[PDB]
Amino acid sequence: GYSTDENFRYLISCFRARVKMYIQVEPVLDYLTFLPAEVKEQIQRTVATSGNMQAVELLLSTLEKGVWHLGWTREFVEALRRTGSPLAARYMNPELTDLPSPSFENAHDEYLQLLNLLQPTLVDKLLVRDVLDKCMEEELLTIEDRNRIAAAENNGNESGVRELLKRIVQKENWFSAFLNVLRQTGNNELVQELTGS
Amino acid sequence: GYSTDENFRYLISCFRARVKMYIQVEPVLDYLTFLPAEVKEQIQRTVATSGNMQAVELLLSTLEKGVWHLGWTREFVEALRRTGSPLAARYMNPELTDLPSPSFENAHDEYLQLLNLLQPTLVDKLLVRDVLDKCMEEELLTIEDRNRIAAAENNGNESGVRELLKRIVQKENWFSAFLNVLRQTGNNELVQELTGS
Amino acid sequence: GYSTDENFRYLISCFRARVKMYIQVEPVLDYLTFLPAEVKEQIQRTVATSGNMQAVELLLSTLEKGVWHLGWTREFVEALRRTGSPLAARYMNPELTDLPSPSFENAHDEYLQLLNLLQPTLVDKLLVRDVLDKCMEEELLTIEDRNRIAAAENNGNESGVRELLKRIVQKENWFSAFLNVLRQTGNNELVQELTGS
Amino acid sequence: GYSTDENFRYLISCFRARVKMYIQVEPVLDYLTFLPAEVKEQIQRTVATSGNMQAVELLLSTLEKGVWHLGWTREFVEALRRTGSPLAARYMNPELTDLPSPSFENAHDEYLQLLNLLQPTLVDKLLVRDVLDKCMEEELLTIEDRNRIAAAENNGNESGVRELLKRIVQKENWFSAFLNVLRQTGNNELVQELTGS
Amino acid sequence: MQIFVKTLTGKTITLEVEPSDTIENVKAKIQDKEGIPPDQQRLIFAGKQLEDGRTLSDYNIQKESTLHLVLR
Amino acid sequence: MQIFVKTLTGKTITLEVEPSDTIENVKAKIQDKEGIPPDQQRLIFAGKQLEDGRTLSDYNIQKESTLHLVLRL
Amino acid sequence: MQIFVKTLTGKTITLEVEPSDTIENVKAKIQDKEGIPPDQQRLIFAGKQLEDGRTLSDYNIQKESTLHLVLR
Amino acid sequence: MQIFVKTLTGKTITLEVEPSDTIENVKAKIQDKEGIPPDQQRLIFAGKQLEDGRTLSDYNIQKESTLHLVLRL
Amino acid sequence: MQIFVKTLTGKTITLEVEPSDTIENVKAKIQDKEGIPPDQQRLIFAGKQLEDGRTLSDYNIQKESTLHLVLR
Amino acid sequence: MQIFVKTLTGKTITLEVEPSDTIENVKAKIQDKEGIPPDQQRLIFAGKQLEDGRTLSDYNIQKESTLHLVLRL
Amino acid sequence: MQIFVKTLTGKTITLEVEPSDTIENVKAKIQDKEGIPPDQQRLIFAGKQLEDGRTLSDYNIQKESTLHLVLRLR
Amino acid sequence: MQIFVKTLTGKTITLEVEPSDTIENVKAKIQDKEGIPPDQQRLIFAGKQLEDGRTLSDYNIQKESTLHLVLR
C-alpha cells in the first residue's frame, strides 16, 4: 500500500502507545477543522472524565475510521507540531524523515521513568513560580501550556509542579532542555540529583 | 392545522440538525418537568461524558419517542426561550413565525465555520477576563453561561475561550454582537483578523 | 414468621421505585461484599454512563436475580444506613417497625415534586459556596456528598446546585431541614419562594 | 508443551479468573496489533458499557476463539509486560517458571479481600491528592493509571480513591508497597487499620 | 374496575372494586377474602404507602394495576 | 386561550381563559372546576410562583401552556 | 436525480429534479402535484433553509436526498 | 444472635450468640468451633475493626448479620 | 465426590476424591492414573494455585468442580 | 506542488504552485478559475489569516494541502 | 530464536535469528530475505524503536516475538 | 532479608540482602545476578541516590522493600 492515508494508519499501529503519551489533545482539537463539531466536543469531555490518554485514543480512533479531505494527515501533524506536543509530531510523519534516532527515543524513554521516581523530591523542592518564566524561552513550553501551569499553581505550588512535569516530558529534546532550565534556575541542586552527578 | 404535539414532533425531526447546535441542554433540563427524573439523570450524564451536542441528540430523541403529558411542547419551547438559547426557540416554536430568514441562517452558518477556522487565532489572542462582562452586558451570555465560562477558565485563559466560543455561537445575531463586544473592549486586533477588514 | 432472605427480596420488589430515589448507589457499593467485583464495576459504569437512578435500578435488579451468600440482606441495610441514605434503610429493613408513616411519605413526595418545579428558581438564586457548610451541619449531606458537590461546582455554580438538589432529596426529613439551612443562611428570599408564605 | 498457541490458548483457560483481576484492558489494546480494528472497537465499548473486568472477559474470550497471526501470544504478553501490569505477564507467559508461588498468590488474595472489606474505611480517609505522588514513586501506578486517577478525582476525592484501589491491586507485591506509601504519608491511621498493629 | 394485590407468598389477590372506595374498603375487602385484620395491613402501590383516608383514584390507580401488600 | 393545570398528584384540569385574565380569574376557575380555595392555590409556571395580582400576559403564557398547581399551608 | 420532500402529513413526495435547477423550480414542482402555492411553503434540508435564489447543487443535493416542507 | 462469620477462604461458619455479647465471647466461640488463635482473630464488620472491648450490640449487629474474619498479619 | 481435572492435552481427568483429601492425595492419584510426577504437577482452581498442605474443603471445591492441571 | 483550497460550501479547487509563490498569485490563481476578485478572497491556513505580502514558504505549505477560502465585502 | 517482522503491506517475514544477533545483524537478515537496504530500515518492537548498535537480548526479545518494520519512503 | 530491584527496564528481580550488607555488597551482587556494572549504576529508593559506603541499615531498608537502579 503506497497511499499516505493507509501508511499513516499503519504507522500509528506501530507507535500507538508512544503517541498517546505525547499528544496534548485539548489544543490539537482547534486545528482539526475537518473533525465534526460533535466529535470535537466528545473528545474534550473524555479529557475531563476518563483521562487524557483515553481521549487521545478517541481522537485517534475517530481519525482513521471515516474518510477525510485529502491532505489531512499533514493538517493533523502540523497541529501537533505547534500545540506544544512536537515530539508526537516527530513520530507522526508518514514520510518518516523526522523520526527521532533510536538512541534518542530509548535514552529519553528511561529519562521519563527517572522523573516518575523523582517526583516526590521534585514536587517538594521545586517551585513553579520561579521556573516557568525561564522554561518559556528554552522553548519547551507554549503559551497554551504556561497558562495551565499558572492555573494549576492556584491551589498550591505542589499541584503546579505536578502539572509542569506532566507537560515538559512531551517536548522535543526535553530532558537536556529541562536541565538547562534547572541549572540556569536556582535549583542547581536538582540537576545534581537528576543525573546523579 | 394539526395538534401542537404532532407538528412539534415534526419540527424536532426537520430542524434536528440545527437545534442540536443551538440548544444548551444542561439548563433546559431544569424546566422539562415532564421528563421522568430517571431520564433527566441520564441526559445530565451524556452532557458530562459524551459532550453537550451528543446530549441534545439524546434529549431530542427521547422527546420524539415516548408520549409526554399534554402541554409539554409549550414547556420545552419556553425552556429554550429562557435558558438563554433563543435561537433554538425560533425553530421549535410550532406557530412558526420568528423562524429566521434563510439568508440569516446561511450567513450565520458561514460565520460559524469561519469561527471554527480562526479558533486557534482567537484562543491565543482572546482574554476572557476582559470580555465576559461586556458579553453579559450585550445579552449574548447568561448568568448560567458566565458562571460556566468563568469556572472553565480557572484552568487557563485558553480553556475558557474554548467554552466562550461554544456558547455564543448559539445566541441570536451573535456575530455582530460578538464583534461589537470585541470592538467595545480593547480587543480590536481580532476583528481585523476576524472580519478581514 | 418467614425466611429473612425472601422478606427482603420482597421489599426490593415492593419499594423498588420508592427506594431508587433514595439510594446513592456509588458509595453503597463499597459496603457490598457479596457482589463480585466484576458486577460492582458494571454498576459503577452505569453510574457514569446512565446516571444514579438508572444504576440503582440495575443494582436492585442484580440483587433480585442472583443468589448471594446468606446474610447479605443485613449487609445491604447496614450499607444503606451508614452510607448516608438512612431514609432508604427504613424501606428495606424486614423489621417494618421503622418505615415512615404514609402521611410523611406523601408529605415528602410533594415536597420533592415541588422542589423539581422550583428548580430553575433555585439554580439561579442559590449559592452552594455558603450552603454546603451549613447543610453538613444540619446533617443532610455526607462528607462523600460535600466532596461531590464541591467538585461538581468546579464547572460553575449552577452545576453545583443541581448536584446539591439531588443529594438533599434523599436525606431524612430534608425539606424542613433544607429550609432551616436556607433561613439561617442569607438565602432568605428562596424560603418565601419555596414555601409560598 | 508442544506448540505456543495451544500453550497460550490453554493458559487463558486455566488462569482466566486470575488475570481478569490483573489485566487493564484499556492500555493493553494498544499493543495488540493482530486484533482487527473492528474487534478492538467491540471491546473499547465493553470497557465503557460494562466495566473493565467484564471487558477482559470479552477480550480473553475473543482470543481463545478465532485464528490470529503467528506470534500473537508473545505479542499479547509483551503488551501486558509493557502496559505496566506485569502480574498477569507471569500467568499468560507460555513459559512456566514465571508464575508465582502458590503462597504468593494466596497471600495476595488475602491482601485483596482485605481491601474489599476495609474499602469504606479507605475511601473516607484516603486523600488521593497527596497519596498519589508517592504511589508513583513505588511505581505501583503506570502513566495510564495516574491519568485515570487524576481524572476520576475530578468528581470528588472518593471517586479518586475508589479508582486508585481498583488500580493498585493489579501490581505485583502491592500491599507491602502500598503500606510504605501510607506509612510515609500522613495516613498512619489506615496502616493501623489495615494491619491492626 | 379491578386490581391485583400481590402478597409475599406470591398468591396474587384480585379485587373487583370501584375507584370511589377509601383505602379502608380495600383494607376491608381483604377481610372478606383473606381475613388478615386491616390494622396489620400496609398496602403499597408503586412504592408509595396508601393512606387509609384517601380513595384509590386519588393514587391514579388505573385499570387492573398491580398492588403490593406488606404485613406485620 | 387554552391552559392546562396539573396538580402534584398528577391529574390535569382543562381551563378556559384569555391572556388579559388576572391570576385570580384563573384561580377563580380553579374554584368552581375542582374546588380548592383561593388561599390554597400556589401557581408555579416555568419554575416561578406566579404573583396573584398580575395577569397571564405578564408571564407570557401562550396557548395550551401548562400551569403547575401546588396547594398552600 | 431524485428527491423526497417529506411533509407533515407523512406522505413522502418524490420529485424528478436536476442539480442545475434552482429551489423555485422544485417549489414550482410543488404547484404541479401538491397545490401549495410556492410562497407559503419553506423547504428544508438537513437543518438548512433553502433560499429563494441558489440551486440544489449549491446545497449538495445528490442522489436520493430528502427534503422537508413546513407550511404556514 | 444467629451470626455468620465469613473467613477469608469463604468457609463461612454459622454462630449463635447473645445479641449484646462482648466481642470476646464471639471471638472465643469462633476458636471453640473453628480453631484460630483467640488473638489472631480480627473481625471486620461494615468496613470497621471490631475492638475486643466493645459489645456486639453497640456495633449494631442484628440477627443473621455477617462478620468477616481476617487473620492477624 | 468426583472432580474434573483437565490437562493441556485436552483429556479430562475425573477423580473420585473427598473433601477431607489433601492436595497431595489428589496429586498422588494422578501418578496412578497418568504417570505424571507430582513435582511437575501443579493444580489450578479458578485461577488459584493449590498449596499442597490444605484440603479440598479449604478451597470450597465442591461436587462436580473443575480443576486445571498445568505441567512444567 | 499540488494544493487545494476549500470554499465553505464544500466545493474544492486544485492548484499547482511553488513554495516561494506569493499568496497574491495564489489568490489571483483562484480568480482566474472561479472569478472571485482577490479583494474579496481571504485565505485561511492552519487557523490563521494568510498575508498577501508573504509566500507559501513563509507559511510552510506542502503539496496536497488544503487551504480554506472565505469571502467578505 | 525465530522472530517475526510485520511490514506495511501485511505479509510478515520470519527470521532465523538468535539473541546473539545485533540489530545491524537482523536488519541484514531482512535485506537478505526481502531486499530493503539496511540504511532504509527502521525496526519497531511494540512502540519502541530499535537501536542499531544493540542486540535483541538488550530488548528482551524472546523467541517468537514480533517486530514492526517501517521504511522511510518518499 | 530479601529486597526487590527494578532496573529502568522495569524488571522485578528478587535479591537476598542482609542489612549487614552495605551498598558495596549489593552493588556487585546485582551485577553478578544481572550484569549492570557496579560503577555505571545508581540506586533509587524513596526518590534518592544511595551512598556506596553506607549500610542499608542506615537507609531503613525493611524486608521486601523494593529498590530501583539507574544507568548514569
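The numbering of chain B matches Swiss-Prot: 4-200, in order.
Each residue, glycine too, has its Cβ placed from N, Cα and C.
Per Swiss-Prot, these features apply:
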DOMAIN    B:7-97  domain 'CARD 1'
CROSSLNK  B:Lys23  ISG15 cross-link
CROSSLNK  B:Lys43  ISG15 cross-link
MOD_RES   B:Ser88  phosphoserine
DOMAIN    B:110-190  domain 'CARD 2'
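A map of Swiss-Prot features onto the structure.
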residue: B:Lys23; record: ISG15 cross-link; DSSP class: helix
residue: B:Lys43; record: ISG15 cross-link; DSSP class: helix
residue: B:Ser88; record: phosphoserine; DSSP class: coil
Can you name the residues of this chain that are 6 or more positions from B:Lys23 (ISG15 cross-link) yet have a C-beta less than 8 Å from its C-beta?
B:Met56, B:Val59, B:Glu60, B:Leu63
Specify the count of other C-beta atoms within 10 Å of the C-beta of B:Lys43 (ISG15 cross-link).
22
Give me the Cα-Cα distance between the residue listed as 'phosphoserine' and B:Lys43 (ISG15 cross-link), rounded to a whole Å.
19
Counting by DSSP, what is the helix, strand and coil composition of the domain 'CARD 1' (B:7-97)?
67 helix, 0 strand, 24 coil
Cβ packing number for the residue listed as 'phosphoserine', 10 Å threshold
24
Within the domain 'CARD 2' (B:110-190), count helix residues (DSSP H, G, I), strand residues (E, B) and coil residues, in that order.
60 helix, 0 strand, 21 coil
Is there any among the recorded positions B:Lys23, B:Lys43, B:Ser88 whose Cβ is under 8 Å from chain K, and which ones, in sequence order?
none
